[PDB]
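Below is the file structure_35.cif, which contains mmCIF, C-alpha atoms and all ligand atoms.
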data_structure
#
loop_
_atom_site.label_atom_id
_atom_site.label_comp_id
_atom_site.auth_asym_id
_atom_site.auth_seq_id
_atom_site.Cartn_x
_atom_site.Cartn_y
_atom_site.Cartn_z
CA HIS A 1 -1.41 -2.54 29.18
CA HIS A 2 -1.83 -1.20 25.63
CA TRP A 3 1.75 -0.18 24.75
CA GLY A 4 2.92 3.40 24.27
CA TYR A 5 5.87 5.76 24.55
CA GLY A 6 5.07 7.10 28.02
CA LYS A 7 6.82 6.60 31.36
CA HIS A 8 4.45 3.80 32.27
CA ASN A 9 3.98 1.84 29.03
CA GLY A 10 7.12 2.77 27.13
CA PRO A 11 9.91 0.77 25.44
CA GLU A 12 11.47 -0.32 28.78
CA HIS A 13 8.17 -2.03 29.73
CA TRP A 14 7.45 -3.73 26.38
CA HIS A 15 9.35 -6.86 27.37
CA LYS A 16 6.68 -7.77 29.98
CA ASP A 17 4.10 -8.48 27.31
CA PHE A 18 6.44 -9.04 24.32
CA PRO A 19 9.31 -11.30 25.42
CA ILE A 20 10.94 -11.02 21.94
CA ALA A 21 11.98 -7.50 23.05
CA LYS A 22 15.29 -8.93 24.36
CA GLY A 23 15.96 -11.07 21.26
CA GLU A 24 19.10 -11.31 19.11
CA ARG A 25 17.99 -9.25 16.08
CA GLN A 26 16.08 -6.23 17.45
CA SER A 27 15.94 -2.80 15.80
CA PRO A 28 16.79 0.00 15.69
CA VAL A 29 20.55 -0.01 16.15
CA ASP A 30 23.28 2.62 15.97
CA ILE A 31 25.15 2.69 12.65
CA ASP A 32 28.91 2.77 13.27
CA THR A 33 30.39 3.91 9.90
CA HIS A 34 33.94 2.76 10.67
CA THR A 35 32.77 -0.81 11.43
CA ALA A 36 30.28 -1.26 8.55
CA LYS A 37 31.43 -3.67 5.83
CA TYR A 38 31.49 -2.30 2.28
CA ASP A 39 30.19 -5.16 0.16
CA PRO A 40 30.70 -4.79 -3.64
CA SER A 41 28.45 -7.80 -4.35
CA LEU A 42 25.42 -5.81 -3.19
CA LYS A 43 23.23 -4.71 -6.12
CA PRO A 44 21.87 -1.17 -6.69
CA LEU A 45 18.35 -0.47 -5.42
CA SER A 46 15.42 -0.68 -7.85
CA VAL A 47 12.48 1.54 -6.79
CA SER A 48 9.43 1.52 -9.10
CA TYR A 49 6.82 3.90 -7.73
CA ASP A 50 5.40 5.27 -11.01
CA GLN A 51 2.15 3.25 -10.83
CA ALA A 52 1.57 3.84 -7.06
CA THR A 53 -1.98 4.29 -5.78
CA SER A 54 -2.23 6.01 -2.42
CA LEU A 55 -5.59 5.56 -0.71
CA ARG A 56 -5.89 6.88 2.84
CA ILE A 57 -4.18 8.65 5.72
CA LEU A 58 -4.96 7.58 9.32
CA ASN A 59 -3.94 8.49 12.86
CA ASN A 60 -3.53 5.12 14.65
CA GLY A 61 -2.55 6.43 18.10
CA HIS A 62 1.19 5.78 17.64
CA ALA A 63 1.80 7.72 14.39
CA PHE A 64 -0.07 8.44 11.14
CA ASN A 65 0.20 6.13 8.12
CA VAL A 66 -0.43 6.65 4.40
CA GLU A 67 -1.80 3.39 2.97
CA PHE A 68 -1.36 2.20 -0.62
CA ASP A 69 -3.28 -0.27 -2.77
CA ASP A 70 -1.06 -3.36 -2.57
CA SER A 71 -3.27 -5.81 -4.49
CA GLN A 72 -0.90 -5.67 -7.49
CA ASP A 73 2.74 -4.98 -8.36
CA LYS A 74 2.04 -1.26 -8.67
CA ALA A 75 4.91 0.26 -6.63
CA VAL A 76 7.74 -2.13 -5.85
CA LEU A 77 11.26 -2.39 -4.48
CA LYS A 78 13.80 -4.92 -5.69
CA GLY A 79 17.55 -5.22 -5.86
CA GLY A 80 19.98 -4.15 -3.16
CA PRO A 81 20.26 -7.05 -0.61
CA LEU A 82 16.78 -8.37 -1.48
CA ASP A 83 15.64 -11.38 -3.43
CA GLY A 84 12.26 -11.16 -5.05
CA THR A 85 9.79 -8.34 -5.25
CA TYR A 86 8.45 -6.47 -2.23
CA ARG A 87 5.20 -4.45 -2.45
CA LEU A 88 4.76 -1.09 -0.74
CA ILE A 89 1.88 -1.20 1.72
CA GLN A 90 2.36 1.98 3.81
CA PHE A 91 4.77 4.68 4.99
CA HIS A 92 4.93 6.46 8.38
CA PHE A 93 7.29 8.69 10.36
CA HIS A 94 8.93 8.60 13.77
CA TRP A 95 9.77 12.10 15.22
CA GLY A 96 10.67 14.04 18.33
CA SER A 97 9.66 16.90 20.61
CA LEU A 98 12.85 18.73 19.57
CA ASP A 99 14.86 18.82 16.30
CA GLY A 100 17.76 17.01 17.93
CA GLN A 101 15.90 13.77 18.43
CA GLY A 102 13.26 11.77 16.66
CA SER A 103 15.03 9.20 14.45
CA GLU A 104 15.17 5.55 15.53
CA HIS A 105 18.50 4.64 13.92
CA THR A 106 21.51 6.84 14.63
CA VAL A 107 24.72 7.21 12.63
CA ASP A 108 27.84 7.37 14.80
CA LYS A 109 25.43 8.19 17.70
CA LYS A 110 23.92 11.20 15.89
CA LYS A 111 20.09 11.48 15.97
CA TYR A 112 18.17 13.20 13.16
CA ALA A 113 14.87 15.15 13.51
CA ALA A 114 12.73 12.31 12.16
CA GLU A 115 12.72 9.08 10.19
CA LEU A 116 10.52 7.94 7.31
CA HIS A 117 9.78 4.20 7.00
CA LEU A 118 8.47 2.88 3.65
CA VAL A 119 7.14 -0.57 4.50
CA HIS A 120 7.21 -3.42 1.91
CA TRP A 121 6.36 -7.14 2.14
CA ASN A 122 7.78 -10.10 0.19
CA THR A 123 5.29 -11.04 -2.60
CA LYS A 124 6.17 -14.74 -2.46
CA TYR A 125 4.18 -14.82 0.80
CA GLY A 126 0.72 -13.85 -0.54
CA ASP A 127 -0.32 -11.24 1.99
CA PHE A 128 1.17 -9.07 4.75
CA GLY A 129 -0.04 -11.36 7.49
CA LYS A 130 1.94 -14.35 6.19
CA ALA A 131 5.11 -12.30 5.62
CA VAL A 132 5.31 -11.36 9.32
CA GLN A 133 5.94 -15.02 10.12
CA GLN A 134 9.04 -15.34 7.90
CA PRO A 135 12.64 -14.27 8.55
CA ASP A 136 12.71 -12.42 5.19
CA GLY A 137 9.09 -11.24 5.05
CA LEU A 138 9.61 -7.48 5.23
CA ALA A 139 11.85 -4.74 3.80
CA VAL A 140 11.68 -1.23 5.24
CA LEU A 141 13.43 1.70 3.53
CA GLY A 142 14.49 4.19 6.19
CA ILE A 143 15.12 7.83 5.31
CA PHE A 144 16.36 10.43 7.79
CA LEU A 145 14.83 13.94 7.85
CA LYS A 146 16.95 16.93 8.84
CA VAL A 147 15.64 20.44 9.46
CA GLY A 148 16.42 22.79 6.59
CA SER A 149 14.65 23.87 3.40
CA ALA A 150 11.07 22.84 2.61
CA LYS A 151 10.44 19.53 0.85
CA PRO A 152 7.74 20.30 -1.78
CA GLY A 153 6.65 16.65 -2.14
CA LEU A 154 5.87 16.47 1.57
CA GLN A 155 3.59 19.51 1.54
CA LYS A 156 0.39 17.60 0.58
CA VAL A 157 0.84 15.40 3.63
CA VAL A 158 1.31 18.42 5.89
CA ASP A 159 -1.90 20.13 4.58
CA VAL A 160 -4.12 17.13 5.41
CA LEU A 161 -2.86 16.51 9.01
CA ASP A 162 -5.49 18.92 10.35
CA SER A 163 -8.33 16.47 9.58
CA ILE A 164 -6.62 13.49 11.29
CA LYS A 165 -5.74 15.12 14.64
CA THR A 166 -6.83 12.33 17.02
CA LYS A 167 -6.57 8.54 17.30
CA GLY A 168 -8.93 6.78 14.92
CA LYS A 169 -9.51 9.55 12.39
CA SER A 170 -8.74 9.00 8.72
CA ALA A 171 -9.04 11.01 5.50
CA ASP A 172 -9.13 10.01 1.81
CA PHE A 173 -5.70 10.63 0.28
CA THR A 174 -5.58 9.68 -3.38
CA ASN A 175 -3.05 10.53 -6.09
CA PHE A 176 0.00 11.02 -3.87
CA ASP A 177 3.38 10.36 -5.54
CA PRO A 178 5.85 8.85 -3.06
CA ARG A 179 8.70 9.57 -5.50
CA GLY A 180 8.71 13.12 -4.18
CA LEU A 181 10.22 12.05 -0.84
CA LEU A 182 13.34 10.31 -2.18
CA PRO A 183 16.80 11.90 -1.83
CA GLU A 184 19.03 12.23 -4.94
CA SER A 185 21.29 9.24 -4.16
CA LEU A 186 20.17 5.70 -3.33
CA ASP A 187 23.36 4.66 -1.47
CA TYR A 188 22.46 2.63 1.66
CA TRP A 189 23.49 0.52 4.72
CA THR A 190 21.82 -2.87 5.35
CA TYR A 191 21.37 -5.44 8.23
CA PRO A 192 18.79 -8.04 9.60
CA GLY A 193 16.44 -6.56 12.19
CA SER A 194 12.89 -6.33 13.45
CA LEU A 195 9.83 -4.07 13.69
CA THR A 196 10.58 -1.12 15.95
CA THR A 197 7.19 -1.28 17.65
CA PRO A 198 5.26 -4.16 19.24
CA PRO A 199 4.85 -7.06 18.30
CA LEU A 200 8.60 -6.50 17.62
CA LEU A 201 8.84 -9.48 15.25
CA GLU A 202 12.24 -10.23 13.69
CA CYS A 203 11.10 -10.40 10.09
CA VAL A 204 12.86 -7.33 8.60
CA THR A 205 15.71 -6.50 6.20
CA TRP A 206 16.61 -2.93 6.89
CA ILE A 207 17.77 -0.62 4.12
CA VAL A 208 18.77 2.76 5.53
CA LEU A 209 19.65 5.48 3.02
CA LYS A 210 22.91 7.35 3.48
CA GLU A 211 21.55 10.68 2.23
CA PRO A 212 18.86 12.39 4.32
CA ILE A 213 16.12 14.65 2.95
CA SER A 214 15.55 18.28 4.08
CA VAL A 215 12.22 19.50 5.49
CA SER A 216 11.39 22.90 7.03
CA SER A 217 10.73 23.77 10.69
CA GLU A 218 7.08 24.57 9.93
CA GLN A 219 6.76 21.25 8.08
CA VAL A 220 8.04 19.22 11.10
CA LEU A 221 6.20 21.53 13.51
CA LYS A 222 2.83 20.35 12.13
CA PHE A 223 3.72 16.69 12.95
CA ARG A 224 3.99 17.66 16.64
CA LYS A 225 0.44 18.96 16.62
CA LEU A 226 -1.11 15.48 16.28
CA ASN A 227 -2.62 13.71 19.28
CA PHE A 228 -1.94 10.28 20.84
CA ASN A 229 -5.41 10.46 22.44
CA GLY A 230 -8.75 9.97 20.70
CA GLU A 231 -11.54 12.49 20.33
CA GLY A 232 -12.80 13.58 23.74
CA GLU A 233 -9.98 12.18 25.91
CA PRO A 234 -7.38 14.31 27.73
CA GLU A 235 -4.88 15.66 25.24
CA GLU A 236 -1.42 14.06 24.90
CA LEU A 237 0.69 15.55 22.05
CA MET A 238 2.12 13.02 19.57
CA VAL A 239 5.89 13.45 19.91
CA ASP A 240 8.88 11.21 20.61
CA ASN A 241 7.22 8.11 19.22
CA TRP A 242 10.66 6.38 18.84
CA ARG A 243 12.45 3.34 20.31
CA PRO A 244 16.04 3.57 21.67
CA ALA A 245 18.87 1.88 19.78
CA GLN A 246 19.28 -1.82 20.65
CA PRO A 247 22.56 -3.77 21.08
CA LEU A 248 23.95 -5.13 17.82
CA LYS A 249 24.76 -8.56 19.37
CA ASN A 250 26.24 -10.68 16.62
CA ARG A 251 25.19 -8.91 13.43
CA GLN A 252 27.07 -7.12 10.69
CA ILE A 253 26.04 -3.85 9.06
CA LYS A 254 27.00 -3.83 5.38
CA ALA A 255 27.30 -0.85 3.01
CA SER A 256 26.76 -0.35 -0.75
CA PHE A 257 29.37 2.42 -1.07
CA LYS A 258 32.95 3.33 -0.09
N1 LIG B 1 8.35 0.85 12.62
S1 LIG B 1 8.37 -0.20 11.62
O1 LIG B 1 8.72 0.35 10.37
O2 LIG B 1 9.39 -1.18 11.99
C1 LIG B 1 6.95 -0.87 11.53
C2 LIG B 1 6.53 -1.43 10.29
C3 LIG B 1 5.25 -2.05 10.14
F1 LIG B 1 4.89 -2.58 8.94
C4 LIG B 1 4.36 -2.12 11.23
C5 LIG B 1 4.75 -1.57 12.49
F2 LIG B 1 3.89 -1.64 13.55
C6 LIG B 1 6.03 -0.95 12.64
HG HG B 2 9.27 -13.21 11.23
ZN ZN B 3 8.42 2.40 11.65
#

Translate this structure into structure tokens?
Ligand SMILES: NS(=O)(=O)c1cc(F)cc(F)c1
Ligand SMILES: [Hg+2]
Ligand SMILES: [Zn+2]
Amino acid sequence: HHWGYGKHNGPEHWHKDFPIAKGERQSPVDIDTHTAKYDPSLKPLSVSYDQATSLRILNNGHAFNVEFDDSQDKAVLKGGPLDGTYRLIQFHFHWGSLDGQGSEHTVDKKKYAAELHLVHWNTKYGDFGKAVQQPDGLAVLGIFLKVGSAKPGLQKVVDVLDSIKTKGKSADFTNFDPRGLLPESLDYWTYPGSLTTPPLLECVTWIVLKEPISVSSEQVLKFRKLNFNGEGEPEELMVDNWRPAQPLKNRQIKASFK
């Protein structure tokens, strides 16, 4: 059936329709700090978001995304473990019903309140569709959110959620600066993985930042007020839209710092 996060169509059922679910490079995984390999040959991250053009915010029934104009090298990511330029196409969050759960990746088994995913695709492939067929087609920057003080740069997103309550609704969302969601440090962990939602394709290089950002209870509280359902259907609150950590198998998590 159309996949979801419920008892009957959740992550433990995805394998029936998406065999790749039991593959060798599935995400997310648990980050074991004592086992991660510090690699000094890794380069520093290069994030150029000064010419970014946000366009729209939409509730797709699984989460809400903020889409950006990716027809040109306007907001890119390079460096780190990547080769080539990757264009930002959208960012979304994964969160929980309670502050002690919500993130997809865990560090030493610890779950954060939420996780931000800035999705980028390798420009050498032409368009997003082609990149999802290549082993190095996508690069997602993952940022953990912990409950604390308000994040000013996130406030514009919070204000507009009201108009995109149910599945299928969208609102114009121009002039948003994604630079306001980055932590101070760009130190990160990296490993080969996959999308965390169906089709679960193994086309991703994961870059998870070491330093989380702080957002207030009221800020995260407004995420929980979104709906999985569409207008007119019975109401299911949008919470716990996250996949459990998958076995590492034979992969190595590397780190840019020591
Ligand atoms: N969750 S995720 O970041 O791996 C992801 C990225 C994407 F571009 C599309 C998806 F459906 C899911
Ligand atoms: Hg792929
Ligand atoms: Zn995601």

- Query: Taking (15.2, -4.7, 14.8) in the file's coordinates, which residues come within 9 Å, counting only C-alpha atoms, written as a PyMOL selection string?
  - Reply: chain A and resi 24-29+192-196+200-206+246

At a cut-off of 10 Å, using only C-alpha atoms, what residues contact residue 171 of chain A? Leave out same-chain residues fewer than 2 positions from it and give the result as a compact mmCIF listing (two decimals) with C-alpha atoms, keeping the file's coordinate frame.
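Once everything was written out, this is selection_4.txt:
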# COMPACT_ATOMS: atom_id res chain seq x y z
CA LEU A 55 -5.59 5.56 -0.71
CA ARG A 56 -5.89 6.88 2.84
CA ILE A 57 -4.18 8.65 5.72
CA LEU A 58 -4.96 7.58 9.32
CA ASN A 59 -3.94 8.49 12.86
CA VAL A 66 -0.43 6.65 4.40
CA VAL A 160 -4.12 17.13 5.41
CA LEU A 161 -2.86 16.51 9.01
CA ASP A 162 -5.49 18.92 10.35
CA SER A 163 -8.33 16.47 9.58
CA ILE A 164 -6.62 13.49 11.29
CA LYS A 169 -9.51 9.55 12.39
CA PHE A 173 -5.70 10.63 0.28
CA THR A 174 -5.58 9.68 -3.38

- Work out how far atom CA of residue 183 of chain A is from atom CA of residue 37 of chain A, in Å to one decimal. 22.7 Å

- Item | Distance query segment 73-87 of chain A at most 10 Å, all atoms listed in the file, self and fewer than 4 positions along chain excluded, as a VMD selection string | chain A and resid 41 to 53 68 to 69 119 to 125 127 to 128 136 to 141 178 186 to 191 205 to 207 254 256

Return as AutoDock Vina command-line options the centre and edge lengths, in Å with one decimal, of the box along x, y and z that encloses every atom of ligand LIG 1 (chain B) in the file, padded by 5 Å per side.
--center_x 6.6 --center_y -0.9 --center_z 11.2 --size_x 15.5 --size_y 13.4 --size_z 14.6
